[PDB]
Structures are given as C-alpha cells and as structure tokens.
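# Observations on the three-dimensional arrangement
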Amino acid sequence: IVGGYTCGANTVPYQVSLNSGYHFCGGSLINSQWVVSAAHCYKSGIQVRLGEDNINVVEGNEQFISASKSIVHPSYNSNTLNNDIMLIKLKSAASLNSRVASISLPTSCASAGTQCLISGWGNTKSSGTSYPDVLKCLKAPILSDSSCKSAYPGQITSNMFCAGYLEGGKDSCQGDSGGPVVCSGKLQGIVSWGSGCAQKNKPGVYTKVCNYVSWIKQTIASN
Ligand SMILES: [Ca+2]
C-alpha cells in the first residue's frame, strides 16, 4: 500500500496473509473454512495466516492453517487478468473471534463514489521498494467505469473496477495482490492489477466480487 496508514493490529480481522515460506499475497476470510484471493496468486504449498499484524513476528493472535485445496475461477485468463479470483479452503476451520472474523459477500455491486478500505502488506513505495511488516490501510473511492476505461484503454472488462486517485500517490501495490477492498462492510473487490503503483492516471484495478457471488456460494457448497 502506497500513501496509506498503519491499520492497527487486528483492526482488519478478515485480512489474511498467504505464506509459502514467505508472504506472497493477501486474501479475505469469507467463512471459517474459506478464503477469497486473486487467481494470479495461485501456487502450491499455501499456508493461510490469520490474525496477523506484524507478519515477521509471532504476536499471539495468529492462526496458521494449511490450505487443503485451491480453486481458480474456471474462466480466469492470466494474460488479460479477466476473472482474477480464486478460492482457498483451509484444512481445518479457523477459530472465529474479534480479531479473526469473516467478511460478508456483497448482495449488490457497489457504485462509483463508494468509499472503501483497501489493505495489505505490499510495497509502500511507488518508485523503489520497501515492504512493511505491519498491515497497511488505504481509504479510497470506487471510480466510474468511464474514467477506469479511459485510464486503461482496451483493458477493463465487466469483471473489473478501478479504485483510488487519478492524481496518484495513493494505491495498492506489489504484495497487496489478492487482498480485500471492503465497502460498507462488504467485500466488493480483490487487489488485481495496475500499471506500476500510485502513478498519475493509473489507478488500481480490482476484481469485481459481486459478479462472482453465485460461483463462490455454489463452489463452497460442494467442496
Ligand atoms: Ca505475526
């Protein structure tokens, strides 16, 4: 997260870190056994880390649970990043509490102008590299489809939306991939892509979760 703020320990209780020997992506806990992330975060050997703040220090509220399976969206295209969504099942159910809690799926799509919370452990610099170890947060508005398509000609599908600031300076970044965009207590987006980070006229692009609720519910119900 570039141009954000330190969230505060366990203030984003649905935020997970995906770890394969190291943090590589964010995710969102949507029930005791399932995490939603980006399809481009797919790999084998995933451990889901819940209750994290400092991802380099065991602080006492963590739960570490290996994934038993991952399910990449059937229509995910890794070239275009269309349908950039994946489900991860935990080998055992997380113990839910105030610091480890699921986030609700949307019942309707969020509109341009809606204020959201984006979070992650990704790079905090738009030029160069610095990784925070504590969770970072950014409040950002959903942008109009028109402005999104104008910013990224030929690249924005019906399964994507832009959020952030056209002036630059505030954005998600490398390592935030797969993490949450939450608006009015609903998971509306997944950190997907962008051209660099926090660059002028290049806002963050996010997977439009409301398009996938039926797929998510049905997949969970049979797996
Ligand atoms: Ca920790």
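How each quantity is defined
Residues numbered from 1 in each chain as written, not as in the entry; some residues may be left out. Heavy atoms only, no water. UniProt positions renumbered as here; feature names shortened; annotations may be inferred. Buried < 20%, exposed > 50% of the residue type's maximum accessible area, 1.4 Å probe, protein only. Helix = DSSP H or I, 4+ residues; strand = E, 2+ residues; numbered from the N terminus. Pairing = 2+ DSSP bridges. Domains from an automatic or database assignment. Buried area = accessible area lost by both parts, 1.4 Å probe. Salt bridge = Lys/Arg side-chain N within 4 Å of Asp/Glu carboxyl O. Disulfide = S-S within 2.5 Å. Donors = N, O, S within 2.8 Å, 3.2 Å for Na, K, Ca; no water. Axes fitted to C-alpha atoms, helices over the stretch in contact; angles between N-to-C directions. Contact = heavy atoms within 4.5 Å.

Its PDB record attributes the structure to X-ray crystallography, giving the resolution as 1.68 Å.

Going by what the PDB entry lists, the protein is known as Cationic trypsin and is assigned to Bos taurus. Check the Subcellular location section of the UniProt entry for the protein; it says "Secreted, Extracellular space".

### As for the pairing of strand β8 (residues 115-120)
Of all 6 residues making up β8, 5 are buried, and the element is well covered by its neighbours. As paired strands, β8 and strand β9 (residues 136-141) are joined by 6 bridges and run antiparallel to one another. Bridge pairing in β9 places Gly 120 opposite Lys 136. Both β8 and strand β11 (residues 180-183) contribute to a ladder of 2 bridges, which runs antiparallel. Each bridged residue has a counterpart across the sheet, and for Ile 118 the counterpart in β11 is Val 181.

### Focus on the domain arrangement of the protein
Taken domain by domain, the protein holds domain 1 (1-12 + 103-210) and domain 2 (13-102 + 211-222). For domain 1 versus domain 2, the distance between C-alpha centres works out to 17 Å. Here domain 1 and domain 2 share an interface that buries about 2900 Å² over both sides, 55% of which is from carbon and sulfur atoms. Taken as a group, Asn 10, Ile 103 and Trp 121 account for 26% of the area that domain 1 buries against domain 2, more than any other trio of residues on that side. Put simply, domain 1 and domain 2 have 0 salt bridges between them.

### Quick notes on the UniProt feature "disulfide bond" in the protein
In textbook terms, a disulfide joins two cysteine sulfur atoms at less than 2.5 Å, and UniProt's bridge between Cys 25 and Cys 41 fits this description with an S to S distance of 2.0 Å. Note that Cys 25 is positioned in strand β3 (residues 23-31) and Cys 41 in the loop between β4 (34-37) and β5 (47-50), a separation of 16 residues in sequence. Neither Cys 25 nor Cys 41 differs from the other in exposure class; each is buried. Annotation check: the disulfide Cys 148-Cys 162 recorded in UniProt is satisfied, the sulfur-sulfur distance being 2.0 Å, below 2.5 Å. Of the two residues, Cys 148 is situated in helix α1 (residues 145-151) and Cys 162 in strand β10 (residues 160-163); the sequence distance between them amounts to 14 residues. According to the relative accessible area criterion, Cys 148 is buried, its value standing at 1%.

### Brief notes about the coordination of the calcium ion
Working reference: metal with six octahedral donors, ideal angles 90 or 180 degrees; metal with four tetrahedral donors, ideal angle 109.5 degrees. Donor atoms from the polypeptide that bind the calcium ion are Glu 52 (OE), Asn 54 (O), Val 57 (O) and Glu 62 (OE), placed at 2.3 to 2.4 Å. One chain supplies every donor for the calcium ion, spaced along it as E-x1-N-x2-V-x4-E. A relative accessible area of 42% places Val 57 in the partly exposed class. Exposure remark for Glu 62: the relative accessible area of 18% places this residue in the buried category.

### Details of the pattern of salt bridges
One pass over the full model with this rule turns up 1 salt bridge. Here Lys 149 ties to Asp 145 by a salt bridge, and the two come within 2.8 Å at their closest N and O atoms. Of this pair, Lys 149 and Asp 145 are both found in helix α1, 4 residues apart, which corresponds to roughly one turn of the helix. With a relative accessible area of 40%, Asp 145 lands in the partly exposed category.

### As for the sheet that holds β5
As summarised here, the arrangement of the 6 strands in space is β2-β3-β4-β7-β6-β5, forming a closed barrel in which the pairing is antiparallel. Within this sheet the neighbouring strands show an average axis-to-axis angle of 40 degrees, counted without direction. The pairing of strand β2 (residues 15-19) with β3 spans 5 bridges and is classified as antiparallel. Residue pairing in the sheet places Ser 17 in a bridge with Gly 26 of β3. Relative to the sheet, helix α2 (residues 213-222) contacts β3, β4, β6 (63-72) and β7 (86-90), its axis offset from that of β7 by approximately 30 degrees.

### Re unusual backbone geometry
Residues other than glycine seldom take positive phi values, yet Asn 83 does so here, at roughly 65 degrees. Note that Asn 83 resides in the loop between β6 and β7. The phi angle at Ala 198 is positive, at roughly 65 degrees, despite the residue not being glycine. The residue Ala 198 is located in the loop between β12 (186-193) and β13 (204-208) in this model. Here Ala 198 falls in the buried class, since its relative accessible area comes to 9%.

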